[PDB]
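Worksheet: one structure, shown below.
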Amino acid sequence: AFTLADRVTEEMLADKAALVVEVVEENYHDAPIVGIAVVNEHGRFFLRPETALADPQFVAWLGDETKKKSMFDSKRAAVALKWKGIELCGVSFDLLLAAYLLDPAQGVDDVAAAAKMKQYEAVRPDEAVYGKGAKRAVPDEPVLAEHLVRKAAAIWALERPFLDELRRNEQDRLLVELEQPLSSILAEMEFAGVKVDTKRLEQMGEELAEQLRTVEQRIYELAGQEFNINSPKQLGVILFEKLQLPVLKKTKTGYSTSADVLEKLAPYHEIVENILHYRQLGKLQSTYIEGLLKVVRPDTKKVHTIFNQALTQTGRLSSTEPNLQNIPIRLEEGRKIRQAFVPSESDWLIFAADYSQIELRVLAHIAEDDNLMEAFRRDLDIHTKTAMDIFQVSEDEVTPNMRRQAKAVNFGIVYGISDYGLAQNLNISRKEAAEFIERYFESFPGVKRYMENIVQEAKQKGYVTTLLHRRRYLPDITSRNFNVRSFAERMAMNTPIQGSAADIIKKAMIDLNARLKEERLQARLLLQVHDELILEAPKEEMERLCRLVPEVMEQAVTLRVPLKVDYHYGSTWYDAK
DNA sequence: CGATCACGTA
DNA sequence: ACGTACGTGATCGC
């Protein structure tokens, strides 16, 4: 049972509690809190939020760092409270992050899923309580109050067994010193948001709209017929049946029209270059103009992403609503989108700092490959050096094509090398790709030993680990299906690299936040994009940031090779180049 | 409403 | 025979 409380009392304010601050909307920015539950040594309490959040003693308790709270997804609560002007402190255990670290593959998205990992089932999945999609709703108070108290009771019961397993895994510091402090930093970044120049975005959409109309009219006259260019089915009929273009790859239902396939078809018809261009413009228009404008806040003109900290299988963050980790940059036309991302205050600038080749530097460290470590100790161009070694030429004899192919080898090595995967990427035969791979391992025998050993270790232990002891279980490493087993082998090779790189930048973020506070800088973190950090700061702080930010990022961990950070700043995200 | 294509990023 | 890890939008089916 539990107390359905009319007022906040002293016994609800104990120095250790499980706390539920329920935000049902999936995007929690400026979202309602629908109910609160507190479980502690004195009992179990449900509080209505309009009462609790107006009570100065409850607000003081929330913000008291010495009053310890155990929660699930405390960032969601912390951010929803920030929009109400209320500080949440003292979160000493986050069951979402604890479950994520123990096993990211569970996809633990609610308390019930985490509870099931320890044979605790006296709590309902959130989706069973609130419903799915269209029929999603907050239930009546008796039903809501029981759910929130059951969630708090589950958190109360599950802290000890989760912490015990984290300790056995040597992941306790990973939770308490990395992921939990990072959660507070992400909460601040999301709450700050990024300012958008919506007038510039709208002007870009207008120009894109004209150019789409121009290319689309060109495609129709080249096909002698109007059709929905955005339908892969209609497009496949036009290309491979009407225009009789060669079919070099079929999908499941019909024909493949992916950009790769289209590159090869461009010699046969002028329509193919136009379809590629039409796809480029339509992607910018639908996803990065129209889509961005849909989630810009009309009052502040800011976007407030949500960084999912407990989703990826490697320890990376992801970013949603909007995804600010896939804003175009590779092609100049899309890169101009970044001109619409601007500082949030006048006389401020965008500052962007990125690790140089962090994945291959991590590989050099974990493989202890003499040649690879020496290449980074010389700060060589790694792809040119790889071409020199693979193709047995001096630096002067590396042609652009040779560097391009060596780069592709380097990407395959990080991803989990295979002759078929490299052959697909370089448009060469499997036998040729195998020759490249054999030459690579002759030049980097420590990497070869590492890759063999990590696959065997994944088989023996059942999992692989990162530098800071994140883990990923790989049960498919023992499969007798070649495809399934090969997937797991590539994951064994890639996850310690991608995951260790994630560990490093997460530590850098914690270290940076602490240095910014010590220095009393106004500069603030806005975004992380896997190997880069984006900040905004007064123009008068740029000189100090040019020294501080790369140093903090470079010193976040000590590896057998240096870490190298490049940086740029300017009046928009585009200009921070 | 739900997988599939496709394409954007590191 | 599949490159590693993500998210969004569109089409198309029931």
Side-chain angles (χ1 to χ4, degrees), chain A residues 104 131-136 227-236 249 251-262 275-276 278-292 294-295 305-308 311-331 333-335 337-338 354-360 363 408-427 430 433 437 464 472 481-499 501-502 505 527-532:
Chain A
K132 275 279 293 182
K135 314 195 270 213
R136 175 171 190 108
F227 67 104
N228 183 14
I229 305 163
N230 296 106
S231 160
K233 166 250 301 160
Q234 304 192 15
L235 184 287
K249 240 174 56 182
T251 36
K252 310 263 91 170
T253 40
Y255 315 98
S256 164
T257 83
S258 42
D260 170 358
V261 177
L262 296 188
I275 286 146
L276 285 170
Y278 175 91
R279 284 224 181 121
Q280 315 326 330
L281 308 176
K283 184 74 158 188
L284 299 175
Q285 183 78 286
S286 74
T287 298
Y288 298 108
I289 303 289
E290 293 172 353
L292 255 181
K294 288 189 186 197
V295 292
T305 191
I306 288 173
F307 288 106
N308 196 331
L311 182 140
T312 79
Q313 300 304 298
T314 56
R316 282 187 170 185
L317 309 172
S318 75
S319 171
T320 60
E321 270 197 79
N323 182 356
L324 297 173
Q325 296 182 317
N326 69 343
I327 304 303
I329 193 177
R330 300 192 185 160
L331 301 182
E333 317 83 295
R335 191 184 198 146
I337 296 287
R338 295 182 173 220
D354 69 285
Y355 286 108
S356 178
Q357 303 291 337
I358 189 170
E359 292 183 326
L360 285 168
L363 175 58
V409 177
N410 277 331
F411 274 86
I413 290 295
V414 164
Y415 290 165
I417 195 75
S418 67
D419 55 4
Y420 177 86
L422 180 63
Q424 291 311 128
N425 182 85
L426 284 178
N427 292 314
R430 282 169 291 131
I437 293 159
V464 295
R472 184 182 191 177
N481 183 283
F482 179 83
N483 261 37
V484 173
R485 183 174 67 244
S486 299
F487 269 115
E489 293 177 351
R490 296 197 295 281
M491 292 177 185
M493 294 186 269
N494 172 258
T495 292
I497 300 170
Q498 186 187 119
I505 185 154
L527 301 169
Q528 187 249 55
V529 190
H530 310 312
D531 66 347
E532 59 193 54

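Below, all heavy atoms of this structure are taken into account, side chains as well, without hydrogens, waters or symmetry copies. Order of the sequence lines sets the chain letters (A, B, ...), proteins ahead of strands, with each chain counted from 1.
Using a 4.0 Å heavy-atom cutoff across all strands shown, A/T495 reaches no nucleic acid atom at all. As judged by a 4.0 angstrom heavy-atom cut-off over every strand, A/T320 is placed among residues touching the sugar-phosphate backbone only. At the heavy-atom level, A/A501 lies nowhere under 4.0 Å from the strands shown. Residue-level contact check: A/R472 touches the backbone only, with heavy atoms under 4.0 Å from sugar-phosphate atoms and none from bases. Here A/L284 lies out of heavy-atom contact (under 4.0 Å) with every strand. Across all strands, A/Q424 comes closer than 4.0 Å to no nucleic acid atom at all (heavy-atom distances). Base contact: A/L422 has a heavy atom under 4.0 Å from a base atom. Contacts of A/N483 with the nucleic acid, taken as non-hydrogen atoms under 4.0 Å apart, involve only primed sugar atoms and P, OP1 or OP2. A/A134 comes within 4.0 angstrom of the backbone, heavy atoms only, and of no base. Note on A/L317: nothing from the nucleic acid sits closer than 4.0 angstrom, heavy atoms only. In this structure, A/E359 reaches neither bases nor backbone, as no heavy-atom distance under 4.0 Å exists between it and the strands shown. Using a 4.0 Å heavy-atom criterion, one finds that A/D419 contacts the bases of the nucleic acid, with or without backbone contacts as well. Nucleic acid contact for A/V529: sugar-phosphate only, since backbone atoms but no base atoms lie under 4.0 Å from a heavy atom of the residue. If you check every strand for non-hydrogen atoms under 4.0 Å, A/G416 touches nothing.
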Show your working on side chain to side chain donor-acceptor pair (under 3.5 Å) between A/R279 and A/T257 and close with a plain yes or no.
CA-CA 11 Å; A/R279 284 224 181 121; A/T257 83; 2.6 Å; yes
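The distance from atom CG of A/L527 to atom P of B/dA10 is 13 Å, rounded to the nearest whole Å. Atom CG of A/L360 is separated from atom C1' of B/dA10 by 13 Å (rounded to the nearest Å). A/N323 places its CG atom 11 Å from the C1' atom of B/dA10, with the value rounded to the nearest Å. As a whole-Å value, the separation of A/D260 CG from B/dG8 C1' is 16 Å. Between A/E321 atom CD and B/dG8 atom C1' the separation is 17 Å, expressed in whole Å. Atom CG in A/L276 sits about 12 Å away from atom P in B/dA6, given to the nearest Å. When rounded to the nearest whole Å, the span between NZ of A/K132 and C1' of B/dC1 equals 9 Å. Rounded to whole Å, the distance from CZ on A/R279 to P on B/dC5 is 13 Å.
For the residue pair A/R490 and A/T495, no side-chain donor N or O sits within less than 3.5 Å of a side-chain acceptor on the partner. Between the side chains of A/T253 and A/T251, not a single donor N or O lies within less than 3.5 Å of an accepting N or O.
Between the side chain of A/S319 and the backbone N or O of A/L324 there is at least one donor-acceptor pair closer than 3.5 Å. Formation of a donor-acceptor pair under 3.5 Å by the A/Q234 side chain with backbone atoms of A/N228 is found in this model. A donor-acceptor pair is defined here as one N or O able to donate and one able to accept, closer than 3.5 Å; no such pair exists between the side chain of A/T312 and the backbone of A/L317.
Across B/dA6 and C/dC2, the matching P atoms stand 15 Å from one another, rounded to whole Å. Comparing the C1' positions of C/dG3 and B/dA3 gives an interatomic distance of 22 Å, to the nearest angstrom.
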For residues 410-422 of chain A, which side-chain N or O atoms pair as donor and acceptor with protein atoms under 3.5 Å away, sequence neighbours left out?
| from | atom 1 | to | atom 2 | distance (Å) |
| --- | --- | --- | --- | --- |
| A/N410 | ND2 | A/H383 | ND1 | 3.0 |
| A/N410 | ND2 | A/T386 | OG1 | 3.1 |
| A/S418 | OG | A/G421 | N | 3.0 |

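Mapping A/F482 and A/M491 onto DNA chain C by nearest heavy atom places A/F482 at the nucleotide closer to the 5' end.
Base pairing of C/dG3: no nucleotide in any strand meets the Watson-Crick or G-U wobble criterion (both distances under 3.5 Å).
Pairing each heavy atom of A/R316 with each of A/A502, the nearest pair is N-CB, 3.9 Å.
When DNA chain C is scanned in the 5' to 3' direction for atoms under 4.0 Å from non-hydrogen atoms of chain A, the outermost contacting nucleotides are C/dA1 to C/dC12.
Below the 3.5 angstrom threshold, one finds a donor paired with an acceptor across the side chain of A/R316 and the base of B/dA10.
Of the candidates B/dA10, B/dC5, B/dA6, B/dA6 carries the atom nearest the A/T257 side chain, counting heavy atoms from C-beta on.
Judged by the sign of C1'-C2'-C3'-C4', C/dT8 carries a south-puckered sugar. For C/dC6, the ring torsion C1'-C2'-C3'-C4' comes out positive, which puts the sugar in the north group.
Within 6.0 Å of atom CZ in A/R430, 12 or fewer heavy atoms from other residues, nucleotides or ligands are found, so the atom counts as exposed in its surroundings.
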